[PDB]
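One structure is given below, encoded as structure tokens.
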Amino acid sequence: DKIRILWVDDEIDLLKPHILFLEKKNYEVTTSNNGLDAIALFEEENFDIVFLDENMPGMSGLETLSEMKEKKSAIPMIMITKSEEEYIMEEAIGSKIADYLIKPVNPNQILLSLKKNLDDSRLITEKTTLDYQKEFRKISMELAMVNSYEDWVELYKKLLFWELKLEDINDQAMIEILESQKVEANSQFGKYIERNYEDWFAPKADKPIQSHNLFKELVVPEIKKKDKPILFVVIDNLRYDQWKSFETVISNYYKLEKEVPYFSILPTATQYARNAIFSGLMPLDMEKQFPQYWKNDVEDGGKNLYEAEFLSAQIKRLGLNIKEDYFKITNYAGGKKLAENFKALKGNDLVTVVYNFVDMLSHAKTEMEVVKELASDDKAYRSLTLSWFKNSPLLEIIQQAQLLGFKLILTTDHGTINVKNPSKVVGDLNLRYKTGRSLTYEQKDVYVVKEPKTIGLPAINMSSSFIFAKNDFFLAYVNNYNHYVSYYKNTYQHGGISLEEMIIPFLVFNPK
Amino acid sequence: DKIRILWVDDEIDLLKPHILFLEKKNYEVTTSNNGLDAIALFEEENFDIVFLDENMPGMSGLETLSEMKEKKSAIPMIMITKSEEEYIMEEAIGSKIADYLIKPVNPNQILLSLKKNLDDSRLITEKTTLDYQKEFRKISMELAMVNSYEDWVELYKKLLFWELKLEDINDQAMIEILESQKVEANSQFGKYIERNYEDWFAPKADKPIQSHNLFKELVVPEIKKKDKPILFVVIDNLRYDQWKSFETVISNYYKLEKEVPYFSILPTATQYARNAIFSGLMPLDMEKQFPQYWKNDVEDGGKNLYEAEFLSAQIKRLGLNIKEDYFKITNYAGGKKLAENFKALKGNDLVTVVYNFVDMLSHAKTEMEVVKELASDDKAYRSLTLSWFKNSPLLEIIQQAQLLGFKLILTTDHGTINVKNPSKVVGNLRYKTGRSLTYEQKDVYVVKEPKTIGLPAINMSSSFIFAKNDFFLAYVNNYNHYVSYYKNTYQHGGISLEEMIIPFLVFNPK
Ligand SMILES: [Mg+2]
Ligand SMILES: [Mg+2]
Ligand SMILES: [Zn+2]
Ligand SMILES: [Zn+2]
Ligand SMILES: [Zn+2]
Ligand SMILES: [Zn+2]
Numbered sequence: 002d003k004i005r006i007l008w009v010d011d012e013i014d015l016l017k018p019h020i021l022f023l024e025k026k027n028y029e030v031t032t033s034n035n036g037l038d039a040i041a042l043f044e045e046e047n048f049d050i051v052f053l054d055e056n057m058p059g060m061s062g063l064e065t066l067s068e069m070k071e072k073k074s075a076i077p078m079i080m081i082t083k084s085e086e087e088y089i090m091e092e093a094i095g096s097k098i099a100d101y102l103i104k105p106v107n108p109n110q111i112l113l114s115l116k117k118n119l120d121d122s123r124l125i126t127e128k129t130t131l132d133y134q135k136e137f138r139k140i141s142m143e144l145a146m147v148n149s150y151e152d153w154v155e156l157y158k159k160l161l162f163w164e165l166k167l168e169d170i171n172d173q174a175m176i177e178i179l180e181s182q183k184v185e186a187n188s189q190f191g192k193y194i195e196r197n198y199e200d201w202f203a204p205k206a207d208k209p210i211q212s213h214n215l216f217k218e219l220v221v222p223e224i225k226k227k228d229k230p231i232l233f234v235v236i237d238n239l240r241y242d243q244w245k246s247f248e249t250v251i252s253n254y255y256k257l258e259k260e261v262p263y264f265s266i267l268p269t270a271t272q273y274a275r276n277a278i279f280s281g282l283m284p285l286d287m288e289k290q291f292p293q294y295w296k297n298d299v300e301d302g303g304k305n306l307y308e309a310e311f312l313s314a315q316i317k318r319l320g321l322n323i324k325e326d327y328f329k330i331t332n333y334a335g336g337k338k339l340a341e342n343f344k345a346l347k348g349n350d351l352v353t354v355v356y357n358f359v360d361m362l363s364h365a366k367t368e369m370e371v372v373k374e375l376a377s378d379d380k381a382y383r384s385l386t387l388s389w390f391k392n393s394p395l396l397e398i399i400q401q402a403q404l405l406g407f408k409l410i411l412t413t414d415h416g417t418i419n420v421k422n423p424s425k426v427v428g429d434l435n436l437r438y439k440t441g442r443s444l445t446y447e448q449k450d451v452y453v454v455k456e457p458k459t460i461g462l463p464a465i466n467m468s469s470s471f472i473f474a475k476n477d478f479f480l481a482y483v484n485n486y487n488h489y490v491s492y493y494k495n496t497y498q499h500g501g502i503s504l505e506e507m508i509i510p511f512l513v514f515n516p517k
Numbered sequence: 002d003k004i005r006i007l008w009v010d011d012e013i014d015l016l017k018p019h020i021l022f023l024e025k026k027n028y029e030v031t032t033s034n035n036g037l038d039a040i041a042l043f044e045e046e047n048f049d050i051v052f053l054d055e056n057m058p059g060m061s062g063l064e065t066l067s068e069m070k071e072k073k074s075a076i077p078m079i080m081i082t083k084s085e086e087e088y089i090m091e092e093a094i095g096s097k098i099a100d101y102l103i104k105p106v107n108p109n110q111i112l113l114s115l116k117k118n119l120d121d122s123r124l125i126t127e128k129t130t131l132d133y134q135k136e137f138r139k140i141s142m143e144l145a146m147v148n149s150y151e152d153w154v155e156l157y158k159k160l161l162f163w164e165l166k167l168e169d170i171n172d173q174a175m176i177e178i179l180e181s182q183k184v185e186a187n188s189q190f191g192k193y194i195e196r197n198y199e200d201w202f203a204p205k206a207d208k209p210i211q212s213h214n215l216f217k218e219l220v221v222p223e224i225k226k227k228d229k230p231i232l233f234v235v236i237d238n239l240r241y242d243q244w245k246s247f248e249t250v251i252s253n254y255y256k257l258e259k260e261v262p263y264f265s266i267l268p269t270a271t272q273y274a275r276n277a278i279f280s281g282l283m284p285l286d287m288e289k290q291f292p293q294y295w296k297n298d299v300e301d302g303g304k305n306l307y308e309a310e311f312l313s314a315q316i317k318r319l320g321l322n323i324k325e326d327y328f329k330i331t332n333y334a335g336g337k338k339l340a341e342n343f344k345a346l347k348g349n350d351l352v353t354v355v356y357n358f359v360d361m362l363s364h365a366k367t368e369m370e371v372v373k374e375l376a377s378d379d380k381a382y383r384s385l386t387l388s389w390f391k392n393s394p395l396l397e398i399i400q401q402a403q404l405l406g407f408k409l410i411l412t413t414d415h416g417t418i419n420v421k422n423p424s425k426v427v428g435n436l437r438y439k440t441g442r443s444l445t446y447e448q449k450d451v452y453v454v455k456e457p458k459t460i461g462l463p464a465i466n467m468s469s470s471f472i473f474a475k476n477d478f479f480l481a482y483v484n485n486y487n488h489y490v491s492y493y494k495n496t497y498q499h500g501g502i503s504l505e506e507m508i509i510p511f512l513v514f515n516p517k
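Chains as they are written, first to last, in the entry's author numbering: chain A, 2 to 429, 434 to 517; chain B, 2 to 428, 435 to 517.
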């Protein structure tokens, strides 16, 4: 019932006030004056934590710790010693010491170390649970008052902060409260976009940075600095909560210098948003200025085959004379090949890398039972994304760029949303947007644009219209309605309006 | 270069010796005497770490911490304060403080905290690399001296310990040395099994616990204790290293009482090993005693459809009068359904649950490009398995059993191995049974009389071959296509530490 401590020190008799203090706090303390006797004790009994002196006659604390870690690696071990040498600090940290306390140590410092190493996950759960109970009413109130794109960014950031904090907590009732705030936030954001989207295209409108502005406004100033070559990575289909899931992994190689949440253009689909990043033009202007590259929905083949050409035309148009190359990664083998030969690009000013894995992974949830279990909810999907990133050729490419002193620019073209509710469409395959001459649809469920050219979109031919699903709706054809509902319900789809699909990260980092 | 520190304290002028000490160690220090001014600086500038006083006029150190974590949650924050109250310690730990130092603080204690929070992964990499450099020759020596099944279990445990230890090191030479020891271990283990396997079937032989002995020897004594209902989970195709990857997750709900590494029977395939768990009979005895349930390789349909029937016959045969139920989970929906209705099984003595996800996931890497990237190497596969377990209906079922005070028995039928080298065959990629097989003798353990190792046979013509090492049996007819497609895939059925030495775990709910 009591927490058992094994304390190893050659002068353990001189530390009796610490033992008495800890026994008052309900800790059980077992002492040892030599590393070898402590190892025998540790093998016979089940201690919750070990305290070790470094400098002892015979076996050192680091030698003793090494034998105990081999026998029970999950038991935390703390160094409490007079040793102040940095090389001893480094050897102990490197040996996975849970803490290092320099003598004379305050008995409350030992107590802090005990609480931090043994009760932290419980304390974090209780603190987060209590903090959210006191915060949710203020979130709902802030949600009701959001009336601008900057307030939407801040509200989305607040929801994302509580989502990653609450994912681990036991309280299902509170998890459901946050989920209701998320669906209400998406309901208000879809009406905000319906209401202001077209106005953003008017001359000198107050609008956020969008897909077609991204390269000129945020990448070009980094290039003009001319201090470091740039690795510009566009991870297709990266939700903001997916970046937050691997932010601390990337911090081991890159120090975040700038973060700019930006808005993807509509539709939040690759063919439109990703090509607009590389060309710096709206789809209607890409059709007008580059008919040889732009492809409308009705044309067969790949919709993003000419991004290098679009990018080189944008770079030339902006007056830059740089050494730049484009790579599109569609599979493991290609990612690995680019990671292995990255040094060949050392002399480049810009290296653009499109990485498709996360988009293919989001769509695999529709097609594969194994991905349905791996990404059953938003928490599972974040966990799966973090597992991917940590073991990906993309991280190996990022590590190669860090070794060459490259600045890292990490961004995406759009996010994706788990669709839950069907919405009947009649048209002529994307579940969150549809374009065509005579579309039949539910007015309340979609943002309708009857003149696509007003929002920089090509009109296939004069009576063409664009509909964009709002909330968690999926556009389902009446033709085989029950089969579309059954198959596409609870799958990740992008193309329409939501915080997940539209508000996306633009990140700049310096190598460390 | 230079690590940037933001230090917030109302008595920041009294801390100048600490600042000068840190500046000498190449740290850049920015000071602030109030939490609100520190929040303004923290938003405008990119600091690597923040030091905060708890008691300040105006915003407290915990109120300031809370604003700073909301703005940039990835930056470590340390509290440096005179407060010694346990409730302040708890509120700070609960707020995800990286460290908490009580004033008067030794300047070297701050330096330790800086090194531990900012350089630990690099220091751990360097220390682990050197520890393995000084250990690898002793591992090779131990490997050469292994001459028993118990020494194999201990050597496998040692290799698994270093595999997890090394999984993030950069030193290619060391990574290759470990890999070489793993291939050499499977080589020696294959020779050890090729000798010893048949002898283990002789009366009163010194043999390890196998598939057909598992239930009677290790589950039945737990049932005979009679002071907790048992949830018996068989996760199909669970490598020892996959159990080691989620061991600390399961420790949040269950305390490990007993661990018994056991040996799967040959072939290390579900049809044989998993049915032998549930029947407590070798496949040849399952064919003889239950012809209505046992299915040979040539019969179409599911090969593990009658495990509840086999289990109930074993339980009846062992003299047990228990309330028992069997569940086979083949998909997410069924797993979720069992988690949702677990309480209906509260009054049971035994609840057996077969969980197929990990086997389906190992096979998905062969075909799906997305799974090739998620499980490209052994480290990625462990990471993927840990991501799965943490968010699985299986863990929800385990949590439901913990709430009901059930004892947990966690085991598997076999592991799997990443195959790398082809081996020609004519007539599963790790075992083959048939009448008159053509094969490479050096690459397989050959049993020309399958009944001698408790396996079925049709006249003296049929035999079984079991791939050793990382070999995969590729048909001569379509050789180049089999090699190209199945190279670097997870396959089970043959002999390896990964396939054969598997965990049997007993836990008490906490
Ligand atoms: Mg000493
Ligand atoms: Mg103060
Ligand atoms: Zn895309
Ligand atoms: Zn997509
Ligand atoms: Zn199996
Ligand atoms: Zn299998």
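A virtual CB, placed ideally from N, CA and C, is assigned to each residue, including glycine.
Residue from 166/A, 232/A, 440/A with nearest C-alpha to residue 353/A: For this step, residue 353/A is matched to residue 352 along the first sequence. Taking only the C-alpha atoms, the option nearest residue 353/A is 232/A.
Collect the residues with a C-beta less than 6 Å away from any heavy atom of ligand 3 and give them in sequence order along the chain. In chain order, the qualifying residues are 237/A, 238/A, 271/A, 275/A, 360/A, 414/A, 415/A.
Neighbouring residues, chain B, relative to residue 121/A (Cβ below 9 Å): Position 120 of the first sequence, counted from the first residue, corresponds to residue 121/A. By Cβ distance, chain B contributes 94, 95, 97.
Just confirm the distance between the C-beta atoms of residue 294/A and residue 311/A, as a whole number of angstroms; I'd bet it's less than 8 Å. Walking along the first sequence from the start, residue 294/A turns up at place 293. Walking along the first sequence from the start, residue 311/A turns up at place 310. About 6 Å separates the two Cβ atoms, so the contact holds.
Tell me whether residue 238/B is buried or exposed, calling it buried when 16 or more other Cβ atoms sit within 10 Å of its Cβ. The residue labelled residue 238/B in the question sits at position 237 within the second sequence. Burial call: buried.
Compare the beta carbon distance of residue 167/A and residue 241/A with 8 Å and say whether it is the shorter of the two. Translated into the one-based positions of the first sequence, residue 167/A becomes position 166. Translated into the one-based positions of the first sequence, residue 241/A becomes position 240. The answer is no: Cβ separation not under 8 Å.
Would you call residue 249/B buried or exposed, if buried means 16 or more other Cβ atoms sit within 10 Å of its Cβ? If you number the second sequence from 1, residue 249/B lands on position 248. It is exposed - the Cβ of residue 249/B has fewer than 16 other Cβ atoms within 10 Å.
Thinking residue 91/B and residue 124/A are a contact (beta carbons under 8 Å), I'd like their distance in whole angstroms, please. The residue you call residue 91/B lines up with position 90 of the second sequence. The residue you call residue 124/A lines up with position 123 of the first sequence. So it is a contact: roughly 5 Å between Cβ atoms.
Extent of the continuous beta strand (DSSP E) run through residue 78/A: Start at 1 with the first residue of the first sequence, and residue 78/A comes out as number 77. Segment 78-82, the beta strand (DSSP E) holding residue 78/A.
Secondary structure, alpha helix (DSSP H): runs of 4+ residues fully inside the segment 114-158 of chain A: If only uninterrupted alpha helix (DSSP H) runs of at least 4 residues are considered, those enclosed by the segment 114-158 of chain A are 121-134, 137-146.
Rounded to whole angstroms, what is the Cα-Cα separation between residue 212/A and residue 199/A? Your numbering for residue 212/A matches position 211 in the first sequence. Your numbering for residue 199/A matches position 198 in the first sequence. In a straight line, the C-alpha of residue 212/A is about 15 Å away from that of residue 199/A.
Boundaries of the beta strand (DSSP E) in which residue 431/A is found, first to last residue: Looking at chain A, the numbering goes 429 and then 434, which leaves residue 431/A without any coordinates in this model.
I'd like to check one pair, residue 410/A with residue 261/A: are the Cβ atoms closer than 8 Å? Your numbering for residue 261/A matches position 260 in the first sequence. Your numbering for residue 410/A matches position 409 in the first sequence. No.
Members of the segment 352-385 of chain A that neighbour chain B once the beta carbon cut-off is set at 8 Å: Residues 358, 361, 362, 365, 369, 370, 371, 372, 373, 374, 375, 377, 378, 380, 381, 384, 385.
Out of 203/A, 210/A, 116/A, which one is the CA nearest neighbour of residue 507/A? Mapped onto the first sequence, residue 507/A falls at position 502. Among 203/A, 210/A, 116/A, the Cα nearest to that of residue 507/A is on 210/A.
With a CB to CB cut of under 7 Å and the five nearest residues on each side skipped, what residues in its chain are close to residue 357/A? Taking the first sequence and counting its residues from 1, the one referred to as residue 357/A is at position 356. Within the same chain, residue 357/A has close Cβ partners 237, 330, 331.
Can you look up residue 303/B in the DSSP assignment and give me helix, strand or coil? As a position in the second sequence, residue 303/B is number 302, starting the count at 1. Residue 303/B falls in the coil class under three-state DSSP.
Over the uninterrupted beta strand (DSSP E) stretch that includes residue 29/A, give me the two end residues. Start at 1 with the first residue of the first sequence, and residue 29/A comes out as number 28. In this chain, the beta strand (DSSP E) harbouring residue 29/A covers 28-33.
Hey, is residue 332/A's beta-carbon within less than 8 Å of any beta-carbon in chain B? For this step, residue 332/A is matched to residue 331 along the first sequence. Residue 332/A counts as touching chain B.
At which residues does the beta strand (DSSP E) containing residue 496/A begin and terminate? Walking along the first sequence from the start, residue 496/A turns up at place 491. In the DSSP annotation of this structure, the continuous segment of the beta strand (DSSP E) that includes residue 496/A starts and ends at 496-498.
Name the chain A residues that come within less than 7 Å of residue 157/B, Cβ to Cβ? Residue numbering aside, residue 157/B sits at position 156 when the second sequence is read from its first letter. The contacting residues do not exist; residue 157/B stays about 15 Å from chain A at best.
Does ligand 1 have even one heavy atom less than 7 Å from the beta-carbon of residue 57/A? Position 56 of the first sequence, counted from the first residue, corresponds to residue 57/A. Yes, since a heavy atom of ligand 1 falls inside the 7 Å radius drawn around the Cβ of residue 57/A.
Are there any heavy atoms of ligand 4 lying less than 7 Å away from the beta-carbon of residue 363/A, as far as the coordinates show? Counting from 1 along the first sequence, the entry for residue 363/A is found at position 362. The answer is yes for residue 363/A.
At a threshold of 7 Å, does residue 14/A count as lining ligand 1 (C-beta to nearest heavy atom)? Within the first sequence, residue 14/A is the residue found at index 13, counting from 1. No, the beta carbon of residue 14/A sits no closer than 7 Å to any heavy atom of ligand 1.
In whole angstroms, give me the CA-to-CA distance for residue 394/B and residue 251/B. Mapped onto the second sequence, residue 394/B falls at position 393. Mapped onto the second sequence, residue 251/B falls at position 250. So the alpha carbons of these two residues sit roughly 13 Å apart.
By DSSP, does residue 112/B sit in helix, in strand, or in coil? By one-based count along the second sequence, residue 112/B stands at place 111. Residue 112/B: helix per DSSP, three-state reduction.
Counting contacts by CB-CB distance shorter than 8 Å, is residue 185/B in contact with chain A? The sequence position of residue 185/B within the second sequence is 184, counting from 1. It does not: the Cβ of residue 185/B has no partner Cβ on chain A nearer than 8 Å.
Exposed unless 16 or more other CB atoms sit within 10 angstroms - verdict on residue 282/B: The sequence position of residue 282/B within the second sequence is 281, counting from 1. Classification for residue 282/B: buried.
Tell me, please, whether the CB atom of residue 65/A is closer than 8 Å to any CB atom in chain B? Locating residue 65/A in the first sequence gives position 64, counting from the first residue. Chain B, which has no Cβ nearer than 8 Å to the Cβ of residue 65/A, makes this no.
Give the residues of chain B in contact with residue 90/A, contact being defined as C-beta atoms less than 7 Å apart. Numbered from 1 along the first sequence, position 89 holds the residue referred to as residue 90/A. Neighbours of residue 90/A on chain B, chain order: 113, 116.
Sequence-distant residues of the same chain with beta carbon closer than 7 Å to residue 349/B, five excluded per side: By 1-based counting over the second sequence, the position of residue 349/B is 348. Cβ neighbours of residue 349/B beyond the five flanking positions: 230, 324, 325, 326.
Cutting at 6 Å between CB atoms, please list the residues of its own chain near residue 372/A, excluding the five before and the five after it. Here residue 372/A is taken as the residue at index 371 of the first sequence, counted from 1. Excluding residues within five positions, the ones whose Cβ falls inside 6 Å are 365, 366.
The segment 91-103 of chain B touching the segment 64-77 of chain B, judged by at least three CB pairs closer than 8 Å: Pairwise C-beta distances place the segment 91-103 of chain B in contact with the segment 64-77 of chain B, as three or more of them are shorter than 8 Å.
Just list the alpha helix (DSSP H) runs in the segment 181-219 of chain B, keeping only unbroken ones of 4 residues or longer that don't cross its boundaries, in chain order. Every unbroken stretch of the alpha helix (DSSP H) spanning 4 or more residues and falling wholly within the segment 181-219 of chain B is given here in chain order: 212-215.
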